[PDB]
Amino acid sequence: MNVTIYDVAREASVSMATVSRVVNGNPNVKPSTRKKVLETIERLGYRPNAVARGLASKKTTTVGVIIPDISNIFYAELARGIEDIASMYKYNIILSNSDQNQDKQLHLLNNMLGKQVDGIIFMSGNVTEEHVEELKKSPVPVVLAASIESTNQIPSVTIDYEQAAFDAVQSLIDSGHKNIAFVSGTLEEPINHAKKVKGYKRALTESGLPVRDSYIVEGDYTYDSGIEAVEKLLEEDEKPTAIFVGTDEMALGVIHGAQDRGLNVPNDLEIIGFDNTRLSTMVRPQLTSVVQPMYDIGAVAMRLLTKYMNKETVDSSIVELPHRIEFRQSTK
């Protein structure tokens, strides 16, 4: 603030352009004089001005993250991963919540973009055609996380939500279960009606089981939204022998819905969730869930992004980590 690169040029009897060379660290100075410069720095408390460096270097060492809601354990981990890999590449971060709505996103976007970010990790449950054609001309590199967008005109690390759903809904089938419903989140989120539902129905039809509109009910994403659906199933003639859920909490609120109706899990019904949240092992019975490595999805998207700003070699802009299933006390 008061001690500049100028005042080091003073106490160092060197040139302002010298002082810069030492801080940034570019080899090419007299070590004999170099240290002459590293002394004053420690001696004066000279903290370089990241801003002054920004205007002149045309780079900031900062990525901006647009994330739905940092208060949900789900996006939480995702955030850490991004934060970590970034803190590892000496890249600082700018975070904010998009509340999932559009006119707030494009805003955060265009904003950060003016803050001069050197990059952007962006994740939303809805990547409207608009945003794509918007991100596409961003002056700085972009990379999506946990997000789905059909064209693939933008680099993105994501997992195969369809297989995920499929490979789980099948688990049920191989266990004889021929009447398994699916408790889903907002059906409008393409990462549901275009990935999970199809992955769900792909498993039924593929093995020759029905596909009626009485096994796939909607509802919000929290605990409660799961207590409802359950009720709707027992109180119906297509007795659901088991259920697939696109969120752990939801499931957790379905396990309960049923025990309150006196039924026993799994003797009366096996239930498999989605995400494998630390919350998963928290329930009783223990919830078997579809693993979605969020910490990894975030770490990769950032790491990938750094491998763009620094202009390294990308071999694929469609990265997909794998998945599994953690069988527990909710299934045979």
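The first residue of the shown sequence is 1; numbering continues from there.
For the pair 260-268 and 294-302, the mean Cα B-factor is higher in 260-268. Higher average CA B factor: 2-10, of the stretches 322-330 and 2-10.
The PDB entry assigns its highest CA temperature factor, among 138, 98, 205, 116, to 205.
Note on the listed residues 220, 149, 167, 83: the highest Cα temperature factor in the record is that of 220. In this PDB entry, the Cα temperature factor of residue 215 sits in the top third of its chain's modelled residues, the highest group.
Per the deposited record, the Cα B-factor of residue 252 falls in the middle third when ranked against the other modelled residues of its chain. Residue-level temperature factors show residue 29 in the highest third of its chain, judged at the C-alpha atom. In the PDB entry, residue 58 places in the lowest third of its chain by CA B-factor. In this PDB entry, residue 110 carries a Cα temperature factor that places it within the lowest third of its chain's modelled residues.
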